[PDB]
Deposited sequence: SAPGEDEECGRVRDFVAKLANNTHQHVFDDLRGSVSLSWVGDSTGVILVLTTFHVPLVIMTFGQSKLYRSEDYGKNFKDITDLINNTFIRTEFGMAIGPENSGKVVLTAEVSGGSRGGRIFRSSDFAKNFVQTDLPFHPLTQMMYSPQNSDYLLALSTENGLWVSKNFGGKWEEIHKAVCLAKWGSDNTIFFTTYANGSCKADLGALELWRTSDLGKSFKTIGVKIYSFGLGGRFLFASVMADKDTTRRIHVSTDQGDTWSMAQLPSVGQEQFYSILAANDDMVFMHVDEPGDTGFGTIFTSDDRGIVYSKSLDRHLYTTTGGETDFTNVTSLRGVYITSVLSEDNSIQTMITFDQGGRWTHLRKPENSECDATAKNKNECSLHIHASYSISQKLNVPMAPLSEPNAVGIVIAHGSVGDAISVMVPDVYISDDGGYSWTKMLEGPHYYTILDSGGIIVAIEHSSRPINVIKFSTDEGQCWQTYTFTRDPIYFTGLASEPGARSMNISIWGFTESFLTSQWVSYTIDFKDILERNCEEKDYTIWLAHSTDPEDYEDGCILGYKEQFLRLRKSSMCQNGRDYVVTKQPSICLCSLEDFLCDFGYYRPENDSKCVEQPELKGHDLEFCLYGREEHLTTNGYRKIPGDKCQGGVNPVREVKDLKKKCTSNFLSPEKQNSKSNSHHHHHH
């Protein structure tokens, strides 16, 4: 539908040939709206040399800047540590000789235009980590497990602690780190201490003992803590940097189980707890807004002990939507989706014009299943996992199969433009895919064993496609790079050409600026209610107590949203109902439509929580607003609050007070 497209692309396609790119090759973008890309290489000659290339134009042209690093061998293990935001910081870690006291880094503050070499008073063991508040503050662990901090972008270091296993930056330049006191990190597991320093090593506070590990998610600090006189451990949560802790209402686990924070934001967390006896699955729980009371969201959630692969995916392009895989009772794998932050999970709706595959019991009734990390790890023919971007609202693209379970067959690519409610087959056969200019353009490359020289693109969100031949020397295709954030109209195609005699790495960068030659205006956008189920209901669209309508680009408009495009939306607040509340600790919601009632008996970890929980959390009316829930007016449960503590501890003989 695009006219003269070949002529509009041909003078905007840019080839670069890399003279040498053997070994591990990596690419990092430096900053937003800079067009800066660094390509680094590392190979050994076994019976070490590194190459560094830099673009400042979104990959159209590179310059060999290997000379800047004195042709030194860069260790790929540490990668390029790119600083936050647009600080323009880059640190590369070098291999030193065997004589050396400490290692060596090459540091740049101007987007890798210039580097200086700095010799370290230690040998780094981890990648260097920037404070998110301050790109000049770095921390790093040494090979001797010292924790070292720098206040001047790695110019000078000081070791603030000697026996450290893990360290991370919190907010406001805070450091949390675990320490061992006995022998090694591994032999002191479960008896580590957790420390905090708010002032870069001047003061410390020990905020936990008998630690196994710790992590940060949203507003929460999580620590797993081992029960003394025991081999099991439990999660404890703090929202004040470990000044105070509460036990979370979650099962304890043995040494062969794990917890994993699937996703976390300012409101809540999704926690996975592995099932006992390494069955390769566990259960998803969602927290309230305190990170303390957890609701079982999804049983038999697939998460493998080998490598730790899970299909859990936030569909970033529609609020509330997540997708994952679960094991059926027959041990086939199905895809499930939730539209309300894990309150309910369902099968994905089959594309109207799809045929049910061989996994389907019924040839007229089946569902869509999605290939993701686990499929890829099992060596299925799946080039990419599912793609969605916050700024291209409603769009999700993924390889999938239509049936009753995930198939081993070669998959096709499906797209949804409503956040996952409905799907269509987008392309036949496996492809690599990218979204450019906030959904203004979708691009795809065929995944082949033979060389390719065509790229497909759509300006109407994957409904109609045009094919451009971007080279007359077909390449073995390796990968697509585009600027993080999906707001660019540049896409780079990477691969290599092979002859009998020789081969060579090549990139082609294509600029769509002449296809999308006009800016979108107000008339190019149309109102769209997200989550619509039934247009006859005044509450159609309500999720977590509010609806949103978006101004979405019309499919038929062919125009650029723009690098400064802002997703325009307008909320409507829904009335509160009982569905906007979670059962608080001690209560549940039996068979039907939504009244939280006292549990008759507390067993298992509920019983543990009652004995170990604070009054604050044990005093309740049985309801708590779903976190992120924005309803106003309507039902407001007025049952009076009671201490459930008295209920359980009532059975126990108490010792003297």
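Against the full deposited sequence, the model leaves out several stretches, namely 1-10, 58-62, 673-685.
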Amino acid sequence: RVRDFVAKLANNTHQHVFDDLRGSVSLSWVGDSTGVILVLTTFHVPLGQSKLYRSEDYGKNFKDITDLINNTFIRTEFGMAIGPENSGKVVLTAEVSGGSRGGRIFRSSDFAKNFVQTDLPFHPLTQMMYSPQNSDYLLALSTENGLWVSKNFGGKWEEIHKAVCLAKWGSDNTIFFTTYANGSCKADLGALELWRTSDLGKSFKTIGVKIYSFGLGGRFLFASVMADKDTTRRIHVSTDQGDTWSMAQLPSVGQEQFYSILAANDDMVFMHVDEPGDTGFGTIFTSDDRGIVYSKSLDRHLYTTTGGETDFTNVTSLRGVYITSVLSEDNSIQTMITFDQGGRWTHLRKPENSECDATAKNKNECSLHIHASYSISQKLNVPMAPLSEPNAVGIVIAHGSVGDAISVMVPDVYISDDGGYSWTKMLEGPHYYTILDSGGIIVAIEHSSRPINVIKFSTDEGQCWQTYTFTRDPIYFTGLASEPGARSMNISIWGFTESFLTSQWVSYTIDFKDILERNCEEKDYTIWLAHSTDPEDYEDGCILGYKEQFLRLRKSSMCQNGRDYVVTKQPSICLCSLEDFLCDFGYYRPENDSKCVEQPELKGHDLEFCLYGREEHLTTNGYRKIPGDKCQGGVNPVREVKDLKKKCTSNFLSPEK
From here on, numbers count along this sequence of modelled residues.
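Take the two forms, find the largest set of C-alpha atoms that superpose within 1.5 Å, and that set is the rigid core.
After a core fit, the C-alpha atoms in 6 other deposited structures of this protein lie farther on average from the shown form in one of 305-313 and 514-522, namely 305-313. Displacement analysis by core superposition in 6 other deposited structures of this protein ranks 37-45 above the other of 594-602 and 37-45 in root-mean-square C-alpha distance from the shown form. Omission of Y432 is seen in none of the other entries compared for this protein where the adjacent residues are built, far below a third.
The records show that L501 is omitted from the coordinate set of at least a third of the other eligible entries of this protein. Higher mean CA B-factor, judged across 547-555 and 123-131 from the recorded values: 123-131. Per-stretch averaging of Cα B factors for 244-252 and 318-326 places 244-252 on top.
Looking only at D57, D629, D67, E598, the residue with the top Cα B factor in the deposited structure is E598.
Of the candidates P411, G343, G403, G190, it is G190 whose Cα B-factor is highest according to the PDB record. Annotation for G48: C-alpha temperature factor in the middle third relative to the rest of the modelled chain, per the entry.
In this PDB entry, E275 carries a Cα temperature factor that places it within the highest third of its chain's modelled residues.
Among all modelled residues in its chain, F609 ranks in the lowest third by Cα B-factor. Among the modelled residues of its chain, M336 has a C-alpha B-factor that falls in the lowest third, as given in the PDB entry.
In this PDB entry, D172 carries a Cα temperature factor that places it within the highest third of its chain's modelled residues.
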